[PDB]
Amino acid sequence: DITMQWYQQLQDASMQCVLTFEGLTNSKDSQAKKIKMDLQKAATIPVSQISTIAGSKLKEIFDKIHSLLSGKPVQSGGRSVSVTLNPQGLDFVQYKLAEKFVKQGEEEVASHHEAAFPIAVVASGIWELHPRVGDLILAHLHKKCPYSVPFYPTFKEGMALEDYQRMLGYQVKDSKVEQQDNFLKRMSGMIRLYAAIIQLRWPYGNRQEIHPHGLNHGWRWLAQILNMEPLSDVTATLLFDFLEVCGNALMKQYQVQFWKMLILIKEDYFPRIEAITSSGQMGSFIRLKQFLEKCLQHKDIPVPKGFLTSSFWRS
């Protein structure tokens, strides 16, 4: 109840953003469309280039976003863009930026798990400098992936099925819904990105304050899905690829309390999944078990493959 209220706040607060720049997207002029596209363009290219191999280029993208969003001008395709005296453009760019951060976790991190970390540090620093952009990141992240709240959408009477399949996060064309394999991968990448945000912090800038969306939200998420009955394939999947990404940082921060949480899913929550899942869809639960058996006897959770190293920050 406490979480669903907070969920609605960010949701209704994102809806207020959809209306605050009303008329900037609803226009038929040639210039009204030229501004909208040029801002939508100069606010998503930097995030698309985050697939990087050196911190030196990753900082170029960070500043390019910070300049564009703070009021300063930025280079786009052909001509330079600005936002001053574009009160709709400022609130409009925070929306398109926040969604592009999630879209990359949806169509890049799903295919390639390593890309979560360079996207997380950049999303974490902008969230730190602009907490409004971060609340918009949680808004889209939450709706596109309600399992990240976490909350399992419920079977609804009185609403159409397509509207309900939309609730579950399934991608739907006008005719039909996407498959499950393409949907489970999209959901994974979205929480691997989120599991990366709550542990990484943008190094440069000298920030006095706390992490914007701290690693505490990682503890509750695990607590909040393990105190509720698991879904057949989703839970065992999302649970694994969350611990692999944030299990190390959670072990260090919560030393024994995390191990207690790990000797519980092995002893209590694993039997919970055996009854609910048919033999046809055990592929997720088996990889959830292989992942622990190592960690439990090794007394350590491996660092996520793709974590940023010192060599990266010098490159």
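Just count from 1 along the sequence shown to find any residue number.
Averaged over CA atoms, B-factors in the entry run higher in 49-57 than in the other of 49-57 and 246-254. Look at the C-alpha B-factors of 67-75 and of 93-101. On average they run higher in 67-75.
Remark: of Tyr152, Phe155, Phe240, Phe183, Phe155 shows the highest value [criterion: C-alpha B-factor in the PDB entry]. Across the options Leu193, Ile126, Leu161, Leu136, the residue with the most elevated CA B-factor in the record is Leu161. In the deposited entry, the Cα temperature factor of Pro87 sits in the top third of values across the chain's modelled residues. Remark: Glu209 belongs to the middle third of its chain, ranked by C-alpha B-factor as recorded. Per-chain ranking of the deposited C-alpha B factor places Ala120 in the lowest third. Residue-level temperature factors show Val303 in the lowest third of its chain, judged at the C-alpha atom. Sorting the modelled residues of the chain by their CA temperature factor places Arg132 in the middle third.
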